[PDB]
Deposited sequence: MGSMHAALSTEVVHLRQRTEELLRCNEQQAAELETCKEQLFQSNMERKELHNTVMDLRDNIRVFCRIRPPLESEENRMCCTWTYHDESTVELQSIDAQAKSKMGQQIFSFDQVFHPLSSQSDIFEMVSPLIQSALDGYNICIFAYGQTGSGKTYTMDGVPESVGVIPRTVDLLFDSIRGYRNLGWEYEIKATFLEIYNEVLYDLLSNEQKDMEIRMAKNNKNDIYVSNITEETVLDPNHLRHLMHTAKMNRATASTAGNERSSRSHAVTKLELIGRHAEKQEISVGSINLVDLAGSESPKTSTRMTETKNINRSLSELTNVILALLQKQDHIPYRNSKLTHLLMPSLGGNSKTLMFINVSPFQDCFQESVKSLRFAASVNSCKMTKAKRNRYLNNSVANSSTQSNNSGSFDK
């Protein structure tokens, strides 16, 4: 029937023109809401960085680890907690007292530690560079704090979990995030790729578009696809991760570069997270990176004019994440034992140098 089709056409043109109206209306509403969301997120980002600055871009904590059951044969120093920020230690055979942003003790949990870290993940997603260090003498607890164990995972695994939850959430703001992951060791001022068997010469050079930024030539830089992929990469690197004189004396750096793209407004947001399990602080090139790292941190705090980031592999690698608006957290790991007393004091004296430098 011609009339049935005709009257259906008329009906469908009505339907059509009214839907175009209910669509145009929705579209305008969606435009203004999106714009207010973007602005609101810039302001949220700003306030967040304000908090970070009010707490200090560079912060230092202490963490005294508990003895293991296999360590009862070892006597502990006498530890005294003057307050949340101040700890003192006494040789069991004149005062050694140290102030920190916060002191963590043997009962302090892995998540207690991560609470200091989680706000900075958001910072990384906001375009700020982050550095998280574990500092201290071999046996003090650097690796347990950074990697941890399956029953109690440390900073890195928790950082990954939070990174995926947050990147997921961001999709609703119109942002899409890449993660570039690189894993390396630094031993005797030479860089090693923890994702490769191959022997190669890796150099630290200026980034193509940012001369203040850096990149490592000939390194395996992975674009993360999903959590399974990143779990595989971390496992692999942990397997090749370091021999007493070399295990104790090699730095480990896990770098997660967050690259965020908002396609509609055509904006980017690049911020990286460097998670560093430092070489032991126990007393040429073997210790170059560590001493230069402490020099650089203190120099930044003293607002020193010129800073020789390139005096060592470590400081040069992390340079773009140390100066300026970058945030640093350093966990000074300490073992509670009398026979470590002298090294525990050396470690904690760096903290004191930091406090003295903050004014």
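> Could you please spell out the deposited residue ranges that have no C-alpha entry in the coordinates?
According to the record, the gaps fall at 1-3, 97-103, 253-257, 299-308, 385-412.
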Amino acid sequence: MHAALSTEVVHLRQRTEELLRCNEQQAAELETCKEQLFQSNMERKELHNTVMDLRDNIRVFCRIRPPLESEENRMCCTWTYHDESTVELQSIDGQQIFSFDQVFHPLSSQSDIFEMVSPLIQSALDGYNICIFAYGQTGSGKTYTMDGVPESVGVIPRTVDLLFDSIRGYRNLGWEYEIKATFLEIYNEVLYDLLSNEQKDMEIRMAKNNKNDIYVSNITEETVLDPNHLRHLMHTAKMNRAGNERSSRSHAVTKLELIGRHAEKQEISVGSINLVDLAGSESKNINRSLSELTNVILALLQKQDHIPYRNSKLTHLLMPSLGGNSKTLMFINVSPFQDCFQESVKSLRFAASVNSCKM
From here on, numbers count along this sequence of modelled residues.
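> Would 34-42 or 287-295 have the larger average of its C-alpha temperature factors, as given in the entry?
So the stretch with the higher mean C-alpha B-factor is 287-295.
> What stretch has the higher average Cα B-factor here, 119-127 or 97-105?
Between 97-105 and 119-127, it is 97-105 that shows the higher mean C-alpha B-factor.
> Among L162, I92, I273, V276, where is the Cα B factor highest in this entry?
The listed residue with the largest C-alpha B-factor is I92.
> Taking the Cα B-factors listed in the entry, which of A242, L256, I132, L233 comes out highest?
Among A242, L256, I132, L233, the PDB entry lists the largest C-alpha B-factor for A242.
> Looking at the entry's B-factor column for C-alpha atoms only, identify whether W175 ranks in the lowest, middle or highest third of its chain.
Ranked within chain, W175 CA B lands in the lowest tercile.
> Considering every modelled residue of the chain and its Cα B-factor in the PDB entry, is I307 in the lowest, middle or highest third?
It belongs to the highest third of the chain when residues are ordered by C-alpha B-factor.
> Relative to the other modelled residues of the same chain, rank the CA B-factor of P320 and answer lowest, middle or highest third.
Answer is lowest: the recorded C-alpha B-factor places it there.
> Could you say whether, by C-alpha temperature factor, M75 belongs to the lowest, middle or highest third of its chain?
Its C-alpha B-factor, which the entry lists for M75, ranks in the highest third among residues of this chain.
> Where does the C-alpha B-factor of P150 rank in its chain, lowest, middle or highest third?
Its C-alpha B-factor belongs to the highest third of this chain's values.
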